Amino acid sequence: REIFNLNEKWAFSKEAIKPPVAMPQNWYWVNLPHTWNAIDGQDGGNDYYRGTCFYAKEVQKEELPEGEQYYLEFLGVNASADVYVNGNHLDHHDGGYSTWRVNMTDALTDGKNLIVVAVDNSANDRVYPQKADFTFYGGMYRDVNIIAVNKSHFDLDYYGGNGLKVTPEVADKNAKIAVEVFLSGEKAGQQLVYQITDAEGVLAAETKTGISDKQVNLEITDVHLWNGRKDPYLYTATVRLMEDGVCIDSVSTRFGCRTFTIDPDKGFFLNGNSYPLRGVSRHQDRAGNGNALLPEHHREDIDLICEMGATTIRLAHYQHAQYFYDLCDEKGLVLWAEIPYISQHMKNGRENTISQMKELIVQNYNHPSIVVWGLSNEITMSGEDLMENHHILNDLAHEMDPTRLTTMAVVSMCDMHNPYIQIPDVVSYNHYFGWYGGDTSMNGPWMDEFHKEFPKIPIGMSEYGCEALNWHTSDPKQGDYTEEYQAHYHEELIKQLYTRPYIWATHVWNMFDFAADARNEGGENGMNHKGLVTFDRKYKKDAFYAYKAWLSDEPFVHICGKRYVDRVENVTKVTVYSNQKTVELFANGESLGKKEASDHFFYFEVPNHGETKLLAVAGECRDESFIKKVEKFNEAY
């Protein structure tokens, strides 16, 4: 079997209202990954086009790698899609975040073949998401491939899966790696080779049965445990369908060996040691590109999430790209993965929650980095049909993956005695005490109250955050949109949450600025600015380095306020962050004192006369900053 990438040069139309009978020579050319909302999804004004758009491409059978059956494979098509080959309506899909496939064989022909995909991201009441903050960028925003495979092949039609279910069970210093495969149109004479391989190639187990024994058990002696960032060891499982001696089909995946529990009082546990989960959420979009991300974009985000020392990532509010999950395995991050069951329960949305949950688990089951499954997000504020839906999903996730735990994110206002909170295995809350009213000191006591009233329900914070742009102040107060208040906000939240073992996970909202076309706030439109890093990933806000001081074992020092250069005071309050014991702040070469801090937030008092080149040393590490004295409060702040 071979794969034929089908990204290059599609004919696109926002104008057409019916699939073309014949290949348009008249349309606009796009390469995948593509989106028609990369521009009007990020400039605001609640105006981004939502509707049906059409893609059309021609491929010649003689140009494909040869196999007995042909599949179109979509890694991402937001939100709903209809596929046509040569005018024949082949399939239909609802869900912009999961992978799905269409068997082309009977409609393919010789000579030129016309493929048309009718993509739609319009409001309806059936397909989540519909009410949400983020922009639902329309279009084929991830890869499209043609799969050429034998008539006997590992399953390609069950909810986007591979037909490879690897389930490690750790037994003492050995692990038992159960391996189930699913086959389409297999025939009687066939056989199945199974192999696990080392991180450096070496074979580790192997079995071969006839095509009847779809389930096998292989064991690794002295297993190399995938154990978070510490040592994110990954094995590879691989299975080969063999007819006679030839290897006619093959399917592989990477995977990790670990156990984990969530203790209501002592937090999250990875392989029997307390492994506190302190991290961020992430959206799958970016300045300029919209949600049509390239592989280096996925890698750019990880490096910054990693440099900060996050240990967990909530991948809200939908299924992300496999290449992103793959990275999360490779670096040992602990993942929350969910479906867009968000904002408002839709009665005619039930069938679709079920399929996005089925797709989510089938396609991600082997990712050692996923430890929970998200049922919903901010789905209601009150104290019934919503309830039975939540049961179906929960029952489902447990019926399919009893090796992982269900969670959900609850809106701040929802009374903790709402029965639907009793459904998942764990719970987190989305609280903004200190941004949307309240004061930043309510967060710690709020989790204290949930823990008392419900001591057996592990409680987390799945969302918390505060907006920041390139505004500044020396009186930082909630609502001024300044980088300074966001530093303080997060300083305050870190002191209250990282110091409470029972909180099983904290997930900043959000790691990155992202596009929300309806918002008008801050001084830039259609943007949610609660990120720790800017939309184009090029700027790390000061808040980012507050978290580094607690989470990262890479030594560093960071002066805050580098962008607040002109200041109207006589002595100015410059915070510094570090994960070193003692830091010293210099003003034009003169020391101001050796301070030490338990919360890693060193505060300082700098006399502000003329130009003052500031320097901070902390062991090996050094960081420069500059300042000036004016009496006109510079109004670009």
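In this text, residue numbers run from 1 along the sequence as written.
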Per the record, how many residues of the deposited chain fall between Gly479 and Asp480 without being modelled: none, 1 to 3, 4 to 9, or 10 or more? none
Residue range whose averaged C-alpha B-factor is higher in the record, 16-24 or 615-623: 615-623
Return whichever of 208-216 and 371-379 has the greater mean Cα B factor according to the PDB record. 208-216
Taking the values straight from the PDB record, which of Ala132, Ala79, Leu315, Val246 has the highest C-alpha temperature factor? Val246
Between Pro295, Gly279, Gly95, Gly189, which one tops the list for Cα B-factor in this entry? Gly189
Assigned third (lowest, middle, highest) for the C-alpha B factor of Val117: lowest
Using the B-factors in the PDB entry, rank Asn5's C-alpha atom against the chain and give the third, lowest, middle or highest. middle
Which third, lowest, middle or highest, does the C-alpha temperature factor of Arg229 belong to within its own chain? lowest
Based on the entry's values, in what third of the chain does the Cα temperature factor of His507 lie: lowest, middle or highest? lowest
Give the position of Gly256 by CA B-factor within its chain, expressed as the lowest, middle or highest third. middle
